[PDB]
Amino acid sequence: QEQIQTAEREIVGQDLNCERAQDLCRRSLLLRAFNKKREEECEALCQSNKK
Amino acid sequence: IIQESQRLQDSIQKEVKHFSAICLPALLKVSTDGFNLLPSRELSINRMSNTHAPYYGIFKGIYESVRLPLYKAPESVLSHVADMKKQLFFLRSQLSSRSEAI
Amino acid sequence: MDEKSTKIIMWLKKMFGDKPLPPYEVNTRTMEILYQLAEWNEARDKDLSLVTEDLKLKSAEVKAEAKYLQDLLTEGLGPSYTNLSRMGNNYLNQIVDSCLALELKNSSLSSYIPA
Amino acid sequence: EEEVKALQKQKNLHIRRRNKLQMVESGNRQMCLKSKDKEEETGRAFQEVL
Amino acid sequence: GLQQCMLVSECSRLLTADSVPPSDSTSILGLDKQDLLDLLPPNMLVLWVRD
Amino acid sequence: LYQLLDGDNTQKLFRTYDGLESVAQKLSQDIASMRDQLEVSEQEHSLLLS
Amino acid sequence: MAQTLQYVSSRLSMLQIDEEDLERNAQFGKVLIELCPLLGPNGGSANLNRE
């Protein structure tokens, strides 16, 4: 029982919460979407400069 | 034009810097009473959901102090403490009865 | 003795409501027992009220999260995640029912195994 | 005797469960190392976007 | 495909603080739900992934 | 939770999380102390009977 | 009388009531029996327990 309890504490401690990786993925996606919007805005200023 | 162009200078970098400092989960707001939006991380049921939650370390300590297993649902903490108090009352009564009997 | 007596009479009035307090033998022992009982009841009533109010709050919070997860899954996986086969639904119900039976925080193995 | 049998059954059970736990633990440990590699990959992808 | 669908969904929700339409609420990075939906894989791949 | 543990409506103007953990530890200690007293009392009783 | 004691002791496990208490105080015993339904098995009020 003492061995099982030690092993249990280890599993609970390993509860792989890949929250950091997931956060980075979320941020990456949001920034990609942000980049796309900002590229559209750059294209609009380029048109004004041509004029 | 010079003034407005200066306002937009490094605009992307300025925004990204402010974004990098934000906690994304703080943006997840749920309404419990239909009116008040609270971040899901501040909900009492999520205090033990993630090792990275702000209050996880504090409540982990409270669970261990009241001998409540970490796998138990957070809704069980008050009921459990109430039972412990009940037990304390019972033990006091038993001690008093036994002391009287002796 | 006069203070304990007042507390008991008030407590009995509260418990029996609109019913006339039944006549009982008022001696030192009967008063002590009633007094211990009154103190115990009052302390437990307070504890149960706090637990009941908390459970109401938790019920609301769980409901809100359930809606959130349902919406997340509908938007991400489509309505088709709810169209599982009869056996699939049975498996899902058994996991759910097992977790509820052990009062687990979640359906992870890290919670199920220690329980 | 029944108790001895019952305790032996329980002992066998605990041994089986310990073994299973050790497997799950080894498996999770491997998964946790690999998840750290994912964190590093996703960290690179995030630097590309920046 | 599945990772991307879940991520888009998670991020869409980060944006949609179910709050009340205020016709006036400033989205994070100025992104709308539609900006994220554009980052979904092609509709044929999404249906395939869900099946 | 704090009200349930401290009993005393002493309107403490400032409740801390550290205070909450301390009051929780106290309840557990009180129960442990009461169980120890009961055990002593049981020994005393057993000696008297012997 | 023994039945009344058993009933009261089972429902009000905290009360240290002896047979001598109920023999000398018959009307008090009636009060305890009437209180038992009003008090839940845990010492709390029956209404609050239902809630």
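Refer to the preceding data block for the structure.
Residues numbered from 1 in each chain as written, not as in the entry; some residues may be left out. Chains lettered and ligands numbered in written order. Part of a larger assembly, values for the part shown. Heavy atoms only, no water.

Peer 1: When you look at the overall build of chain G in this model, what are you seeing that I'm missing?
Peer 2: Counting its regular elements, chain G contains 4 helices and 0 strands. Reading chain G from its N terminus to its C terminus gives the helix and strand order α-α-α-α. Expressed as a percentage of its 51 residues, the buried residues of chain G come to 41%. For chain G, long-range pairs separated by at least 24 residues make up 40% of all intrachain contacts whose partners lie at least 6 apart in sequence. Summed over all atoms, the accessible surface of chain G reaches about 2,900 Å², with 46% contributed by carbon and sulfur. (Helix = DSSP H or I, 4+ residues; strand = E, 2+ residues; numbered from the N terminus. Buried < 20%, exposed > 50% of the residue type's maximum accessible area, 1.4 Å probe, protein only. Contact = heavy atoms within 4.5 Å. Areas by Shrake-Rupley, 256 points an atom, 1.4 Å probe, with all protein chains shown as cover.)

Peer 1: What am I meant to see in the nonpolar core here?
Peer 2: Note on soluble globular proteins: their nonpolar side chains tend to be buried together. The biggest cluster of nonpolar side chains holds 27 residues, and the ones touching the most others in it are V81(B), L5(F), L27(F) and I31(F). Put simply, the parts of the chain that give this core at least two residues each are α3 (56–65) and α4 (77–101) of chain B together with α1 (2–6) and α2 (17–49) of chain F. The element best represented in this core is α4(B), accounting for 8 residues. Once residues lying within four places of it in the same chain are set aside, the contact partners of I31(F) are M84(B), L88(B) and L91(B). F16(C), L34(C), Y35(C) and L22(G) belong to the second largest nonpolar core, which has 26 residues in total. (Core = buried A, V, L, I, M, F, W, Y, C linked by side-chain atoms within 4.5 Å.)

Peer 1: What exactly am I supposed to notice about the packing of helix α2 (residues 19–50) of chain A against helix α2 (residues 11–20) of chain B here?
Peer 2: The contact between α2(A) and α2(B) brings their axes to 12 Å, and the two run at 160°. Considered as vectors, α2(A) and α2(B) are oriented roughly antiparallel to each other. Read as a crossing pair, α2(A) and α2(B) show a hand that is right-handed. Touching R27(A), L30(A), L31(A), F34(A) and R38(A) of α2(A) are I12(B), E15(B), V16(B), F19(B) and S20(B), all from α2(B). Its residues assigned to classes, the contact of α2(A) with α2(B) comprises 6 nonpolar, 1 polar and 3 charged. (Axes fitted to C-alpha atoms, helices over the stretch in contact; angles between N-to-C directions. Parallel < 35°, antiparallel > 145°, perpendicular 65-115°, else oblique. Left-handed = near helix turned anticlockwise from the far one by under 90°. Nonpolar A, V, L, I, M, F, W, Y, C, P; charged D, E, K, R; others polar.)

Peer 1: Help me understand the packing of aromatic side chains in this model?
Peer 2: Two descriptors summarise a pair of aromatic rings, namely the distance from one centre to the other and the angle between the planes of the rings. Scanning the entire structure with this criterion turns up 2 aromatic pairs over all chains. Look at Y55(B) and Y17(F): their rings are 5.3 Å apart centre to centre, the planes differ by 45°, and that puts the pair in the tilted class. Of this pair, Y55(B) sits in the loop between β2 (37–39) and α3 while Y17(F) sits in helix α2, on two different chains. When its relative accessible area of 32% is taken as the criterion, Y55(B) is described as partly exposed. (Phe/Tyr/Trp six-rings, centres within 6.5 Å; stacked < 30°, edge-to-face > 60°.)

Peer 1: When you look at the interface of chain G and chain C in this model, what are you seeing that I'm missing?
Peer 2: It is common to report an interface's size as the accessible area lost on association of the parts. Counting residues at the interface gives 23 residues for chain G and 21 residues for chain C. Buried surface at the junction of chain G and chain C, both sides included, amounts to about 2,100 Å², of which 66% is carbon and sulfur. In this structure, the connection of chain G to chain C is made through 2 salt bridges. Here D21(G) makes a salt bridge to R29(C), at a shortest N to O gap of 3.6 Å. Counting the contacts that link chain G with chain C gives 9 residue pairs in polar contact. Counting residues per element, the ones that place at least two in the side of chain G that touches chain C are α3 (26–38) and α4 (46–50) of chain G. For the side of chain G that touches chain C, the leading source of residues is α3(G), giving 7 residues. (Buried area = accessible area lost by both parts, 1.4 Å probe. Salt bridge = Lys/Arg side-chain N within 4 Å of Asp/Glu carboxyl O. Polar contact = N/O pair within 3.5 Å; in protein donor to acceptor, adjacent residues only side chain to side chain.)

Peer 1: Where do I start with a nonpolar patch on the surface in this structure?
Peer 2: Residues and elements named next belong to chain C. On the surface, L84, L92, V96 and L100 cluster together to form a nonpolar patch covering roughly 360 Å² of accessible area. Relative to the assigned elements, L100 resides in helix α3 (residues 86–101). Looking at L100, the relative accessible area reads 61%, which means it is exposed. (Patch = residues over 30% accessible without salt bridge, like charges linked within 9 Å, V, L, I, M, F, W, Y side chains within 5 Å.)

Peer 1: What should I look at first to understand α4(B) in this one?
Peer 2: Each α-helix turn comprises 3.6 residues. Residues three or four places apart therefore point the same way. Between its first and last C-alpha atoms α4(B) spans 36 Å; for 25 residues at 1.5 Å apiece the expected length is 36 Å, and the two agree. Along α4(B), the residues that are buried comprise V77(B), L78(B), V81(B), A82(B), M84(B), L88(B), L91(B), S93(B), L95(B) and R98(B). Buried positions along α4(B) lie against α3 of chain B, α2 (28–77) of chain C together with α1 and α2 of chain F. (Expected span 1.5 Å × (residues − 1).)

Peer 1: How should I be thinking about the layout of surface pockets in this particular structure?
Peer 2: To locate leftover empty space, one rolls a probe as large as a water molecule over the atoms. Looking at the second largest pocket, its volume works out to about 860 Å³. Surrounding the second largest pocket, 27 residues form its lining, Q5(A), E8(A), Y71(B), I113(C) and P114(C) being those nearest its centre. Put simply, the parts of the chain that give the lining of the second largest pocket at least two residues each are α1 (2–14) of chain A, α3 of chain B, α4 (109–112) of chain C together with α1 (2–49) of chain D. At 6 residues, the largest contribution of residues to the lining of the second largest pocket is made by α1(D). Grouping the amino acids of the lining of the second largest pocket by side-chain chemistry returns 13 nonpolar, 5 polar and 9 charged. (1 Å grid on protein atoms, 1.4 Å probe; cavity = no way out; pocket = protein on both sides within 12 Å on 5 of 7 lines; lining within 4 Å. Points joined across faces, edges and corners; volume = space filled by probe spheres on them.)

Peer 1: Looking at this structure, I do not really get unusual backbone geometry. What am I missing?
Peer 2: For residues other than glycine, phi is negative in most cases, and the peptide bonds are mostly trans. Residues and elements named next belong to chain B. Within the chain, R67 stands out as a residue other than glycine whose phi angle is a positive 60°. Here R67 is to be found in the loop between α3 and α4. Take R67: its relative accessible area is 62%, and that puts it in the exposed class.

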